[PDB]
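Heads up: the structure comes next, in structure tokens.
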Amino acid sequence: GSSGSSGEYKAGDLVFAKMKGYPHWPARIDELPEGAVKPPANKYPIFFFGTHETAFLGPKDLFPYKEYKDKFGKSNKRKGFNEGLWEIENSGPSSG
């Protein structure tokens, strides 16, 4: 139990990622390997589930999964999207 809003996302959290004209895509906060691209400060390695794509977004383009899980986490059927909506549910702490 740890006071602080701490609205700045961390690896292993889950989010919705909105690209320009795509849905609120199911995505995860990942971490960075010991040798890949350096993003700009504030941004995160967002991994887009069901398409497995990688882009850099900052927190304003992004939404906390548990706040939008039922709002945005719904069957948008874009191809990949039903996979990623399964992948994200089954990625996160569930049943425990």
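Letters A, B, ... mark the chains of the structure tokens in the order given; residue numbers begin at 1 per chain; ligand numbers begin at 1, in order shown.
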
Selection: 9 Å around residue A:13, only C-alpha atoms, excl. self and same-chain fewer than 3 positions, as a VMD selection string: chain A and resid 9 to 10 28 to 30 64 to 65 92

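Shortest atom-to-atom contact with residue A:81 among A:4, A:93, A:50, A:35: A:50, counting only C-alpha atoms.
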
Those of chain A in DSSP strand (DSSP E), formatted as a PyMOL selection string: chain A and resi 14-18+24-29+44-48+53-57+62-64

Next, dump the selected residues to file, keeping only C-alpha atoms, as a CSV table (one decimal), in the first residue's frame.
```
chain,number,residue,atom,x,y,z
A,14,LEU,CA,-1.7,-3.4,-19.7
A,15,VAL,CA,-3.2,-0.5,-21.7
A,16,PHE,CA,-5.2,0.5,-24.7
A,17,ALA,CA,-3.1,2.1,-27.5
A,18,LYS,CA,-4.8,4.4,-30.0
A,24,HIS,CA,-8.2,1.4,-29.0
A,25,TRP,CA,-5.9,-1.6,-29.6
A,26,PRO,CA,-5.2,-4.1,-26.8
A,27,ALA,CA,-1.5,-3.5,-25.9
A,28,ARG,CA,1.0,-4.2,-23.1
A,29,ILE,CA,3.7,-2.2,-21.5
A,44,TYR,CA,7.1,3.4,-23.6
A,45,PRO,CA,7.8,0.2,-25.7
A,46,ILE,CA,4.1,-0.6,-26.3
A,47,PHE,CA,3.6,-4.1,-27.7
A,48,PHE,CA,0.4,-4.4,-29.6
A,53,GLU,CA,3.7,-5.0,-33.5
A,54,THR,CA,5.9,-2.5,-31.6
A,55,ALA,CA,5.7,1.3,-31.5
A,56,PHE,CA,6.6,4.2,-29.1
A,57,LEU,CA,3.7,6.1,-27.6
A,62,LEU,CA,-2.6,5.7,-24.0
A,63,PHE,CA,-5.2,4.5,-21.5
A,64,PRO,CA,-5.0,2.3,-18.3
```

DSSP alpha helix (DSSP H) residues within chain A, as JSON, numbers by chain: {"A": [65, 66, 67, 68, 81, 82, 83, 84, 85, 86, 87, 88, 89]}

Can you work out the spacing between atom CA of residue A:69 and atom CA of residue A:38 in Å, to one decimal? 29.3 Å

Report the distance between atom CA of residue A:90 and atom CA of residue A:23 in Å, rounded to one decimal place. 20.0 Å

For residue A:73, the closest of A:85, A:34, A:94, A:21 counting only C-alpha atoms is A:85
